[PDB]
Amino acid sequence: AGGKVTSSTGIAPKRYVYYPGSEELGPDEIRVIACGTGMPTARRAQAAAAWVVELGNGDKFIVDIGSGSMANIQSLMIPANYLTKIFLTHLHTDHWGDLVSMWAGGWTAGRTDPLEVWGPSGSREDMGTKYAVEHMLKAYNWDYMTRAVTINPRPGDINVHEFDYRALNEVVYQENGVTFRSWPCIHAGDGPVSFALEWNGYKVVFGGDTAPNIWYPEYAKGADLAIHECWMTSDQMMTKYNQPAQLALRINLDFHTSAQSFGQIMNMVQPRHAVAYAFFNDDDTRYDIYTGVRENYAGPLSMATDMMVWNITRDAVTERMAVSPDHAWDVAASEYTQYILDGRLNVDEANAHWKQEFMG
């Protein structure tokens, strides 16, 4: 597997696992990274939905940032500064739960620019992202204000860029050649939207969560990498959750997007590479799902789990697995009252030795 090693001291070229930080990115390359691939419940194996896009121009975007995902992203050896721009498909906890870890993380890590979040609005004001993020920052006021004694604020504020969720394929973004176009989803209630990044002959479709809609097959068409929701079987639902045979069925026909329906949809889209996510990829579950997609779609497919990579070049769409550090490191008025400051225990004696050495 991977390229042929030439010299004993020489670097293995075209490695068959992706080491984040180790590889140059082509001007005519994209590098996508599943930093989140599972849904409702948490699990070391699968963070909540989160993707890292890396364009050869230098522009990098996080599309969804759910609970768990921050751990994987931080393993990518990418400084805080470069990951400022965030794109949410809906306001489910497991799509932007970990914005605050980023928000707070990056600020302590030395991020200089404020996070820019694009999201869908709601049917009313309190159902949108402008509201959601506005209340987040209020929620974490005790964090914000304390930190904003010792660190310049600006990297604390969040420039939100809300749009109309109802809008069919309209332009939500356009800088440095990169375009994002959002369109609606039929999931839980009004607001949820699917994205389509377009840049340098390349098209990448983020499906977020949706029961099958007529806006995906249309605006997806002829994409390098197309990601869409693709769910457990109605059998597996009964097994795991103890569901009965009417709820189990409907969940795959009404509320969510089946495998067998995920297939038909991509068959319509004809992407360079289709990507099925948002299911617990386990030894007892993953297979039956793959046999669904196959019924009605026979093109290049990735059954997504955490830290799966796509290198979109001209010639090919190559899937690999990232192998990244678990012991990950970041890479490069007073909120005290005199009632708290007058408590400081004397440790001047306990610490005199190490200090002395440290100061000589």
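One rule holds for the numbers: they count along the sequence shown, beginning at 1.
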item: Entry-level comparison of average CA B-factors, 86-94 and 148-156, reporting the higher stretch; value: 148-156
item: Between 50-58 and 64-72 (mean CA B-factor, as deposited), the higher; value: 50-58
item: Residue with maximal Cα B-factor (values as given in the PDB entry) among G128, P79, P192, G201; value: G201
item: Among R272, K240, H135, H228 - the residue whose C-alpha B-factor is largest in the record; value: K240
item: Where the record places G105 (Cα B-factor, split into thirds across the chain); value: middle
item: Within-chain third of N141 by Cα B-factor, per the entry; value: lowest
item: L25 - Cα temperature factor, lowest/middle/highest third of chain; value: middle
item: CA B-factor ranking of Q264, expressed as a third of its chain; value: highest
item: Modelled-residue ranking by C-alpha temperature factor, third containing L341; value: middle
